[PDB]
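1. So I pulled this structure from the PDB, and the sequence comes with it:
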Amino acid sequence: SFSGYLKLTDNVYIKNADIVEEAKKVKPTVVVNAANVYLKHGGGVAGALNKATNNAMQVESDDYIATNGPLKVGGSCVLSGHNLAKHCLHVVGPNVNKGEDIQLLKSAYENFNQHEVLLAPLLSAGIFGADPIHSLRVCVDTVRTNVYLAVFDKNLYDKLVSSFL
Ligand SMILES: CS(=O)(=O)Cc1nc2ccccc2[nH]1
(Lines give C-alpha, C1' and ligand atoms only; values in the text may rest on other atoms or scores of the structure.)
Protein backbone atom coordinates (compact mmCIF):
# COMPACT_ATOMS: atom_id res chain seq x y z
CA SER A 1 0.00 0.00 0.00
CA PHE A 2 1.03 3.74 0.49
CA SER A 3 4.37 4.12 2.30
CA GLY A 4 6.48 7.00 3.63
CA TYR A 5 3.61 9.45 4.00
CA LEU A 6 3.51 12.00 6.77
CA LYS A 7 0.13 12.21 8.50
CA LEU A 8 -1.27 15.79 8.45
CA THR A 9 -4.83 15.11 9.68
CA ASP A 10 -7.10 12.09 10.37
CA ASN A 11 -7.52 11.61 6.57
CA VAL A 12 -4.84 13.65 4.76
CA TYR A 13 -1.30 12.31 4.20
CA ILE A 14 1.62 13.87 2.32
CA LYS A 15 4.88 12.71 0.68
CA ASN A 16 7.61 14.24 -1.45
CA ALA A 17 7.18 12.00 -4.49
CA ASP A 18 6.59 11.96 -8.17
CA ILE A 19 2.87 11.01 -8.46
CA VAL A 20 3.66 8.92 -11.62
CA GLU A 21 6.27 6.88 -9.72
CA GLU A 22 3.91 6.60 -6.73
CA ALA A 23 1.11 5.39 -9.05
CA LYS A 24 3.34 2.78 -10.75
CA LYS A 25 4.47 1.44 -7.37
CA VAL A 26 1.13 1.47 -5.46
CA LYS A 27 -1.33 0.95 -8.40
CA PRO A 28 -4.04 2.70 -6.32
CA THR A 29 -7.77 2.38 -6.93
CA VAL A 30 -7.84 6.09 -7.86
CA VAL A 31 -5.13 8.42 -9.07
CA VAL A 32 -6.20 12.07 -9.39
CA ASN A 33 -5.12 14.00 -12.46
CA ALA A 34 -4.76 17.80 -12.36
CA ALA A 35 -6.81 18.14 -15.53
CA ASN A 36 -8.02 21.06 -17.60
CA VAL A 37 -11.61 21.28 -18.96
CA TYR A 38 -10.55 19.88 -22.34
CA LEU A 39 -8.63 16.92 -20.86
CA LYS A 40 -5.59 18.07 -22.88
CA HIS A 41 -2.78 16.48 -20.86
CA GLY A 42 0.12 18.60 -22.04
CA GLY A 43 2.19 19.47 -19.00
CA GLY A 44 2.49 19.31 -15.23
CA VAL A 45 0.89 16.31 -13.54
CA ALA A 46 -1.42 15.72 -16.54
CA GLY A 47 1.43 15.56 -19.04
CA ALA A 48 3.45 13.30 -16.77
CA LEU A 49 0.53 10.87 -16.08
CA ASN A 50 -0.39 10.80 -19.77
CA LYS A 51 3.22 10.11 -20.83
CA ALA A 52 3.34 7.18 -18.36
CA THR A 53 0.26 5.69 -20.09
CA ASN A 54 2.04 5.91 -23.54
CA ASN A 55 -0.66 8.48 -24.54
CA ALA A 56 -3.53 6.01 -23.87
CA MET A 57 -4.94 8.50 -21.33
CA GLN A 58 -5.08 11.23 -24.02
CA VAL A 59 -6.74 8.93 -26.59
CA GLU A 60 -9.39 7.91 -24.06
CA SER A 61 -9.81 11.56 -22.97
CA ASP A 62 -10.30 12.82 -26.54
CA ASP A 63 -13.05 10.21 -27.05
CA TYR A 64 -14.64 11.34 -23.74
CA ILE A 65 -14.58 15.03 -24.83
CA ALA A 66 -15.88 14.16 -28.32
CA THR A 67 -18.89 12.49 -26.65
CA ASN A 68 -19.52 14.75 -23.64
CA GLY A 69 -17.93 18.10 -24.27
CA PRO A 70 -15.65 19.84 -21.80
CA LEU A 71 -15.72 19.53 -18.04
CA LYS A 72 -16.56 22.53 -15.83
CA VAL A 73 -13.80 24.27 -13.80
CA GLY A 74 -14.34 22.62 -10.37
CA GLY A 75 -15.68 19.44 -11.97
CA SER A 76 -14.39 15.96 -12.66
CA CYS A 77 -14.84 12.76 -14.56
CA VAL A 78 -13.76 9.18 -13.84
CA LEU A 79 -11.84 7.47 -16.61
CA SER A 80 -9.47 4.47 -16.74
CA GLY A 81 -6.25 4.59 -14.71
CA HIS A 82 -4.53 2.53 -17.49
CA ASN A 83 -1.21 1.09 -16.19
CA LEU A 84 -1.15 3.53 -13.23
CA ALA A 85 -4.35 2.90 -11.26
CA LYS A 86 -7.79 1.21 -11.57
CA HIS A 87 -9.31 4.66 -12.27
CA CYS A 88 -8.16 8.16 -12.95
CA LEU A 89 -10.28 10.91 -11.46
CA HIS A 90 -9.64 13.91 -13.72
CA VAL A 91 -10.29 16.96 -11.55
CA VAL A 92 -10.26 20.52 -12.86
CA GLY A 93 -8.97 23.00 -10.32
CA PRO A 94 -9.01 26.69 -11.30
CA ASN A 95 -6.00 27.79 -13.28
CA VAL A 96 -5.20 31.22 -11.76
CA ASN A 97 -2.69 31.82 -14.70
CA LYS A 98 -5.83 31.71 -17.00
CA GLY A 99 -7.84 34.02 -14.64
CA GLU A 100 -10.14 31.30 -13.20
CA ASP A 101 -12.00 31.82 -9.90
CA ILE A 102 -9.85 30.52 -6.98
CA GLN A 103 -13.07 29.94 -4.96
CA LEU A 104 -13.67 26.98 -7.37
CA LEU A 105 -10.76 25.18 -5.65
CA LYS A 106 -13.07 24.00 -2.84
CA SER A 107 -15.54 22.68 -5.47
CA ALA A 108 -12.68 20.87 -7.20
CA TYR A 109 -11.62 19.14 -3.93
CA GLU A 110 -15.25 18.11 -3.23
CA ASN A 111 -14.89 15.62 -6.11
CA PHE A 112 -12.43 13.62 -3.94
CA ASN A 113 -15.25 12.84 -1.45
CA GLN A 114 -16.83 10.46 -3.95
CA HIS A 115 -13.86 8.04 -3.50
CA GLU A 116 -12.79 6.31 -0.28
CA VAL A 117 -9.06 6.63 -0.98
CA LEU A 118 -7.08 8.57 -3.58
CA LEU A 119 -3.48 9.23 -4.61
CA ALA A 120 -3.52 12.93 -5.60
CA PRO A 121 -1.58 16.06 -6.37
CA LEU A 122 -2.37 19.48 -4.77
CA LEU A 123 -5.02 20.98 -7.04
CA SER A 124 -4.34 24.28 -8.79
CA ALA A 125 -0.70 24.18 -7.60
CA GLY A 126 2.37 24.10 -9.93
CA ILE A 127 1.65 25.38 -13.43
CA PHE A 128 -1.99 26.15 -12.43
CA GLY A 129 -0.59 29.14 -10.49
CA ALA A 130 -2.37 28.97 -7.13
CA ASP A 131 -0.55 29.15 -3.78
CA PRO A 132 0.13 25.48 -2.81
CA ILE A 133 -0.09 26.39 0.91
CA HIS A 134 -3.66 27.60 0.26
CA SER A 135 -4.40 24.43 -1.83
CA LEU A 136 -3.31 22.15 1.06
CA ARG A 137 -5.48 24.15 3.49
CA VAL A 138 -8.53 23.81 1.20
CA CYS A 139 -7.75 20.10 0.78
CA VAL A 140 -7.65 19.38 4.53
CA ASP A 141 -10.79 21.52 5.14
CA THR A 142 -12.78 19.92 2.26
CA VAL A 143 -11.79 16.32 1.67
CA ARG A 144 -13.21 13.81 4.20
CA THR A 145 -12.02 10.65 2.42
CA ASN A 146 -8.42 9.30 2.62
CA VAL A 147 -6.13 11.37 0.41
CA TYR A 148 -2.44 10.63 -0.15
CA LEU A 149 -0.84 13.75 -1.55
CA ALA A 150 2.27 13.44 -3.69
CA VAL A 151 4.21 16.75 -3.87
CA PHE A 152 6.92 16.55 -6.55
CA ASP A 153 9.03 19.55 -5.45
CA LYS A 154 11.18 18.75 -2.31
CA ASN A 155 11.52 22.40 -1.35
CA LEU A 156 7.75 22.95 -1.65
CA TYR A 157 7.12 19.72 0.34
CA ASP A 158 9.33 21.01 3.19
CA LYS A 159 7.61 24.43 3.09
CA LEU A 160 4.13 22.77 3.14
CA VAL A 161 4.97 20.52 6.12
CA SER A 162 6.79 23.18 8.15
CA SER A 163 4.03 25.82 7.64
CA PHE A 164 1.06 23.46 8.22
CA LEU A 165 -1.26 24.66 10.91
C1 LIG B 1 7.29 11.69 -14.85
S2 LIG B 1 7.89 12.95 -15.91
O3 LIG B 1 6.81 13.42 -16.74
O4 LIG B 1 9.07 12.47 -16.58
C5 LIG B 1 8.38 14.27 -14.82
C6 LIG B 1 7.30 14.88 -13.99
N7 LIG B 1 6.81 14.32 -12.86
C8 LIG B 1 5.85 15.18 -12.37
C9 LIG B 1 5.05 15.13 -11.25
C10 LIG B 1 4.20 16.20 -11.02
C11 LIG B 1 4.14 17.27 -11.90
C12 LIG B 1 4.93 17.30 -13.05
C13 LIG B 1 5.80 16.24 -13.27
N14 LIG B 1 6.73 16.03 -14.29
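-> Cool, the structure landed. Numbers count the residues shown, from 1 in each chain.

2. Residue 123 against residue 91, yeah?
-> Yes - in this structure, residue 123 is within contact of residue 91 by Cβ atoms under 8 Å, at 6.2 Å. Quick note: C-beta positions are derived from backbone N, CA and C, even for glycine.

3. Who has more neighbours out of these two?
-> Per other Cβ atoms under 10 Å, whichever of residue 123 and residue 91 has more neighbours is residue 123, with 31 against 25.

4. Quick check: the nearest residue to the more buried one once chain neighbours are set aside vs residue 127, distance?
-> In this structure, residue 123 finds its nearest non-sequential neighbour in residue 93, 3.4 Å apart by Cβ to Cβ, 6 or more residues apart in numbering. To residue 127, residue 93 is 11 Å away according to Cβ to Cβ, to the nearest Å.

5. Which one's more surrounded, the two?
-> Taking neighbours as other Cβ under 10 Å, residue 93 and residue 127 compare with residue 93 leading, 30 against 14.

6. how about the more buried one, what does it touch?
-> Taking Cβ atoms under 8 Å, 6 or more residues apart in numbering, we find residue 93 in contact with 34, 73-74, 104-105, 108-109, 123-124, 128, 130, 135.

7. So which of the residues you listed sit within helices?
-> 104-105, 108-109, 135 (DSSP state H).

8. Quick one, which of the residues you listed are buried?
-> 104-105, 108-109, 135 (16 or more other Cβ atoms under 10 Å).

9. Buried residues in stretch 22-32, which are they?
-> Going by neighbour count (16+ other Cβ under 10 Å), the buried part of stretch 22-32 is 22-23, 26, 28, 30-32.
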